[PDB]
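Chains as they are written, first to last, in my numbering: chain X, -10 to 39; chain Y, 10 to 239; chain F, 3 to 230; chain A, 201 to 251; chain C, 86 to 185; chain G, 39 to 114; chain S, 1399 to 1449; chain P, 747 to 796; chain V, 16 to 65. Please read the structure below before turning to the comments.
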Amino acid sequence: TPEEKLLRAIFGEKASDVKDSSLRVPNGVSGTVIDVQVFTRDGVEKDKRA
Amino acid sequence: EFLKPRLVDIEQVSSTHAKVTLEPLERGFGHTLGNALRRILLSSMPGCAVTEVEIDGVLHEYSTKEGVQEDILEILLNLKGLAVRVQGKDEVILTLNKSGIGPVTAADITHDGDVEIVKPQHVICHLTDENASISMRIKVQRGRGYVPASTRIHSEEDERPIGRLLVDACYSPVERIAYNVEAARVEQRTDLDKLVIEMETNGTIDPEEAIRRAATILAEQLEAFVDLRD
Amino acid sequence: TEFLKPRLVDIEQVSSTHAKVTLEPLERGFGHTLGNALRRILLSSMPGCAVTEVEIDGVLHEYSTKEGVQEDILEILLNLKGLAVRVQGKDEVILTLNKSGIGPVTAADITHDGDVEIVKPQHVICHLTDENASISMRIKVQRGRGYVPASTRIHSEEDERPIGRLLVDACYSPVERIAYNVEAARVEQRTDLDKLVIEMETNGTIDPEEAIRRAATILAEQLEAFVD
Amino acid sequence: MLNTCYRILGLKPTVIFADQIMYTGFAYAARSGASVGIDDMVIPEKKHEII
Amino acid sequence: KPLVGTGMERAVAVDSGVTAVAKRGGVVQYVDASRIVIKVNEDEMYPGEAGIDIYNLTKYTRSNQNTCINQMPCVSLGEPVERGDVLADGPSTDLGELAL
Amino acid sequence: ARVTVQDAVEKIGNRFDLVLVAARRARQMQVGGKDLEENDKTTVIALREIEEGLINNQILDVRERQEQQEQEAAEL
Amino acid sequence: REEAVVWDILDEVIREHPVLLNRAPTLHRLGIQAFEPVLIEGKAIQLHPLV
Amino acid sequence: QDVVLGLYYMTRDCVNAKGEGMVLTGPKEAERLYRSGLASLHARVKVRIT
Amino acid sequence: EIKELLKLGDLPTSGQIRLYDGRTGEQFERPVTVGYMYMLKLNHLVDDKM
């Protein structure tokens, strides 16, 4: 919008080129993490953790 | 012109049992002091108990070291009933190393100068291999009542490591307190009682020290009624 | 180790024989251990003075009926049992009442001695009808501790009583009714704190706030040989 | 006892009296310890001859 | 356990699948938090190249209702185990019985 | 504080207009047209005025038509 | 984050604000009543016994 | 259901309890007599009520 | 046959003990029952209802 653009030039912040959609623990539940599974489609390179 | 209850002989039935007596109790006061104290002893006696264990190669409580025949969630439930005394310090960090087949008891903890383990045959875990090994660094603190591990997670202060297993702490040396007010006969009086406070601790708190530590909790709380300040 | 003492102790005065103290915030569970040891001291062991026996010169039995008075003999004793009398020095003093006229016999019509001091002049003792101007008796006040019914001493009475020595229930303590009530309160992060709310009357002779004070002294002195 | 207290005094004393009747019934019911054992339910002596 | 049962608990905890019941008699050789090793007797052992039985337990896993289901060993070293015995408790079981 | 509006229903004897007389008045405190308070909200203050006799459906109208005579002054 | 002040503002927003409790199969008109809340700790809605 | 079993137990009468046949001086004297441990909660007394 | 066991543990045959109150310290009149009920814990947890 227009006001959001004036708020940019005053502070010159870079545009965000990607939206954050992380996985987050549900509300009000807390406890250790006892495992992790990582499946990879055949044809993409595994990250350092998988 | 009331009489004053005076602490008298202390029968000691076992290392954990005990009985006291308060000889010249006036009429009607056997139950006023008897239950006023028993609600003080079961609530507010200071003791020490484990507060967080840290084993050498295990990450979380739901793991299982190889060589012992118990989960890491079951070693913590055996440590939580570890009766221990700390003489001068506030918090200590005990240590336990052992290898070879056979049970691991509290007698195998590295004997520090102040920390005096009281029940030295308390079993902790069994090692069922000739080349197994456990190494844990327990911790001990002082407090009163019962503070779960969830509460202390708010006062963790950036608990950096992820190998720090936390156990719930129940610092209280007494487990049951009865009493019986029976008839006492002084050399010349018509109405007089005799209180018999039969307390049973877990070998940590001294009996005589445990009743003076109560009256200074009660007589200190009645300072408010002695002067009403509006 | 390091406990929690009460601040913001409010006291509300209404009908000066009455009074309702509040208090907070006490530790968890210190509401009952405190207010209940106080209620046991006000009711059972608290020094005071009250009448114990009377000598109606014209009546010789608790069930009989005296001339001129509109009332009975029993309902007479109900009046004296509630007479609030505070004596200064002695422990036994035998007052005498002798009234004439037509109407109700108030309390100030008794003789007054050198240290005895009644605390209600308009207390009615008996309504006296006309033509008589006649009533007489001996009221016997003495000091003691707690409350002592007239049933237990008569069961074991060694102080011999001639025919016509009525035995009136002796209530020594100055508190008439006392009952606390514990409730929840917080200290801005702890939901489990207590708030003792005492509430006490008295039979005139001593203000309520002076009874709660001199009761905690009786209980704070028993622990004189334990605290340090 | 509550139906008469409403007709005679209105709603202010009947709301402040339906509580105090509850704090007195709860309190003096605990002093009973009205616990139901197995000696309570009594079989009549003549349940066998009547059958 | 229940202090007041009906004797139909040893059959509802064994005839289910949670317990790890022995398959041949013998003698326990190595109990551990996640494994048991029974060394069978001779008369129960087959003639040619039989060896031993070895039971793996299933430590903390996930059920359908998200509760946890893991087995704990209830034997020691040297304890002779017989055919039809019970070696590993399940979830809601204790010494073979069914404690809920 | 309030537990029963039985006093307010005495003055306004309907209970369907006491909810309409008090919502109109309680707006005025909420939007600071006016300030007649023991740490109360604006809907328990409007009921402690009706309970005391200083507000009803006529005292709100006539105090509004005395606003126009005020607004007529500054209207010039 | 539930700082120490929001509990001071949440205790002040709930001053005289009545909430409407209502059970599942509302048969008659007394299945929906209002109550002045008082903040407790836990996860269960308390409820007066007479109600 | 339960506050009515408390009212019932309190306002019954035995035939011979502690403190039987005595005479009291009002409800403030009975509650101060039962809580003191002298008279039973339902013993036949005679009081004065206004 | 339940009564033959309570004479083995030296208990009151009637099955009812005389409890004391916890706070006041006084004794419950008319003795009470005390036993051992095997209690389950249904999984209608309130953490999933709220």
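Quick reminder that beta carbons are idealized off the backbone N, C-alpha and C, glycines included.
Buried versus exposed call for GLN26/X [16 or more other C-beta atoms within 10 Å across all chains shown]: Position 37 of the first sequence, counted from the start, is the residue given in the question as residue 26/X. Note on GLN26/X: under 16 other CB atoms within 10 angstroms of its CB, so exposed under the neighbour-count rule.
DSSP three-state assignment for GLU190/F, whether helix, strand or coil: Residue 190/F sits at position 188 when you count from the first residue of the third sequence. Of the three classes helix, strand and coil, the one that applies to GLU190/F here is coil, per DSSP.
Beta-carbon spacing of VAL132/Y, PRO157/Y below 8 Å: Counted from its first residue, the second sequence places residue 132/Y at position 123. Counted from its first residue, the second sequence places residue 157/Y at position 148. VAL132/Y is not a Cβ neighbour of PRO157/Y, given a cutoff of 8 Å.
Within-8 Å CB hit, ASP230/F to chain Y: The residue labelled residue 230/F in the question sits at position 228 within the third sequence. Closer than 8 Å: yes.
Where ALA52/F falls, given that 16 or more other Cβ within 10 Å makes a residue buried: As a working note, residue 52/F is residue 50 in the third sequence. So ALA52/F ends up on the buried side.
8 Å contact criterion, which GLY148/F and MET48/F should meet: CB distance rounded: Locating residue 148/F in the third sequence gives position 146, where the first residue counts as 1. Locating residue 48/F in the third sequence gives position 46, where the first residue counts as 1. With 8 Å as the limit, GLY148/F and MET48/F qualify as a contact, their Cβ atoms being about 7 Å apart.
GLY102/C vs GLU129/C beta-carbon contact at 8 Å: On the fifth sequence, position 17 is the one that residue 102/C refers to. On the fifth sequence, position 44 is the one that residue 129/C refers to. The answer is no: Cβ separation not under 8 Å.
Which residues DSSP lists as bridging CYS51/F, in chain order: Within the third sequence, the letter at position 49 stands for residue 51/F. Paired residue(s): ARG145/F.
Whole-angstrom distance between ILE110/Y and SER142/Y, CA atom to CA atom: Working through the second sequence from its first residue, we reach residue 142/Y at position 133. Working through the second sequence from its first residue, we reach residue 110/Y at position 101. Taking the straight line joining both Cα atoms gives about 10 Å.
With 16 other Cβ atoms within 10 Å as the buried cut-off, status of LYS203/Y: Position 194 of the second sequence holds residue 203/Y. If you draw a 10 Å sphere on the C-beta of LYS203/Y, you find 16 or more other C-beta atoms in it, and that means buried.
Same chain, Cβ closer than 8 Å to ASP78/G, five either side skipped, listed in chain order: Numbered from 1 along the sixth sequence, position 40 holds the residue referred to as residue 78/G. Excluding positions up to five away in sequence, the list reads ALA39 and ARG86.
Residues in the stretch 135 to 151 of chain Y having any Cβ partner in chain C nearer than 9 Å: Of all residues in the stretch 135 to 151 of chain Y, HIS135, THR137 and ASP138 have a Cβ within less than 9 Å of some Cβ in chain C.
Neighbour flag for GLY225/A against chain V, beta carbons, 8 Å: Reading the fourth sequence from its first residue, position 25 is the one you call residue 225/A. Using a CB distance cut-off of 8 Å, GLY225/A does not count as an interface residue toward chain V.
Under 8 Å between C-beta atoms of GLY163/C and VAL113/C: Mapped onto the fifth sequence, residue 163/C falls at position 78. Mapped onto the fifth sequence, residue 113/C falls at position 28. Yes, the Cβ-Cβ distance between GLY163/C and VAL113/C is below 8 Å.
Beta-carbon proximity check, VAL176/Y vs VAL95/Y, cutoff 8 Å: As a working note, residue 176/Y is residue 167 in the second sequence. As a working note, residue 95/Y is residue 86 in the second sequence. No, they are not a contact pair.
Secondary structure of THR210/Y, DSSP reduced to three states: Here residue 210/Y is taken as the residue at index 201 of the second sequence, counted from 1. DSSP, read as helix, strand or coil, puts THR210/Y in strand.
Beta-carbon spacing of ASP117/C, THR114/Y below 8 Å: Stepping through the fifth sequence from its first residue, residue 117/C is reached at position 32. Stepping through the second sequence from its first residue, residue 114/Y is reached at position 105. The answer is no: Cβ separation not under 8 Å.
Sequence-distant residues of the same chain with beta carbon closer than 6 Å to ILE206/Y, five excluded per side: One-based indexing of the second sequence puts residue 206/Y at position 197. Excluding sequence neighbours, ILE206/Y sits near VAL29 and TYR188.
Inter-stretch contact (C-beta, 8 Å, three-pair minimum) for the stretch 222 to 241 of chain A and the stretch 30 to 44 of chain F: Proximity of the stretch 222 to 241 of chain A to the stretch 30 to 44 of chain F falls short of the contact definition, fewer than three beta-carbon pairs being nearer than 8 Å.
Cutoff 6 Å; reference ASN95/G; Cβ partners in own chain excluding five residues on either side: Here the question's residue 95/G lines up with position 57 in the sixth sequence. Within the same chain, Cβ atoms closer than 6 Å to the Cβ of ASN95/G are found at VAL59, the five residues on either side in sequence being excluded.
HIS163/Y at chain X interface by Cβ criterion, 8 Å: For the purposes of this step, residue 163/Y is taken as the residue at position 154 of the second sequence. It does not: the Cβ of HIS163/Y has no partner Cβ on chain X nearer than 8 Å.
Residue closest to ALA172/F, alpha-carbon to alpha-carbon, out of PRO123/F, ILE180/F, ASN38/F and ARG155/F: The residue you call residue 172/F lines up with position 170 of the third sequence. In terms of CA proximity to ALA172/F, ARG155/F leads the group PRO123/F, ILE180/F, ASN38/F and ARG155/F.
Chain P residues whose Cβ lies nearer than 7 Å to that of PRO151/F: As a working mapping, residue 151/F is identified with position 149 in the third sequence. For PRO151/F, the C-beta contacts it makes with chain P under 7 Å involve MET768 and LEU784, in order along the chain.
Completely contained beta strand (DSSP E) runs for the stretch 23 to 97 of chain F, where each covers 3 or more residues: Those beta strand (DSSP E) runs which fall completely within the stretch 23 to 97 of chain F and span 3+ residues are 49 to 56.
For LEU105/Y, the nearest candidate out of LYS98/Y, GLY97/Y and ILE84/Y (CA to CA): Taking the second sequence and counting its residues from 1, one reaches residue 105/Y at position 96. When only C-alpha atoms are compared, the closest one is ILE84/Y.
8 Å contact criterion, which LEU45/F and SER782/P should meet: CB distance rounded: Within the third sequence, the letter at position 43 stands for residue 45/F. Within the eighth sequence, the letter at position 36 stands for residue 782/P. That belief holds up - the Cβ atoms of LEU45/F and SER782/P are roughly 5 Å apart, short of 8 Å.
Rounded Cβ spacing between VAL160/C and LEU172/C (contact assumed at less than 8 Å): Sequence index remark: in the fifth sequence, residue 160/C carries index 75 (1-based). Sequence index remark: in the fifth sequence, residue 172/C carries index 87 (1-based). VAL160/C to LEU172/C, Cβ: 5 Å. Contact.
Span separating the alpha-carbon of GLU232/Y from that of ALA39/F: Taking the second sequence and counting its residues from 1, one reaches residue 232/Y at position 223. Taking the third sequence and counting its residues from 1, one reaches residue 39/F at position 37. Computed Cα separation, rounded: 14 Å.
Cutoff 8 Å: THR(-10)/X Cβ touching any chain Y Cβ: Taking the first residue of the first sequence as 1, we reach residue -10/X at position 1. Not one beta carbon of chain Y lies nearer than 8 Å to the beta carbon of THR(-10)/X.
Under 7 Å from the C-beta of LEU225/F: neighbouring residues of chain Y: Reading the third sequence from its first residue, position 223 is the one you call residue 225/F. Simply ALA224, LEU227 and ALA228.
Straight-line Cα distance separating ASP74/F from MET201/A: Taking the first residue of the fourth sequence as 1, we reach residue 201/A at position 1. Taking the first residue of the third sequence as 1, we reach residue 74/F at position 72. For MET201/A and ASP74/F, the gap between their C-alpha atoms comes out near 33 Å.
Extent of the continuous alpha helix (DSSP H) run through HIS157/F: Residue numbering aside, residue 157/F sits at position 155 when the third sequence is read from its first letter. Note, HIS157/F: alpha helix (DSSP H), 152 to 157.
Beta-carbon spacing of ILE88/G, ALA46/G below 8 Å: Within the sixth sequence, residue 88/G is the residue found at index 50, counting from 1. Within the sixth sequence, residue 46/G is the residue found at index 8, counting from 1. For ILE88/G and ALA46/G, yes; Cβs fall inside 8 Å.
Buried versus exposed call for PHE0/X [16 or more other C-beta atoms within 10 Å across all chains shown]: Here residue 0/X refers to the residue found at position 11 when the first sequence is read from its first residue. Classification of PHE0/X: exposed, given that the 10 Å Cβ count is below 16.
Start-end ranges of the beta strand (DSSP E) lying completely within the stretch 112 to 161 of chain C, minimum 3 residues: Runs of the beta strand (DSSP E) lying entirely within the stretch 112 to 161 of chain C, each at least 3 residues long, are 120 to 125 and 138 to 141 in chain order.
Sufficient close CB pairs (3 or more, under 8 Å) joining the stretch 172 to 185 of chain C to the stretch 90 to 98 of chain C: Touching, per the Cβ criterion.
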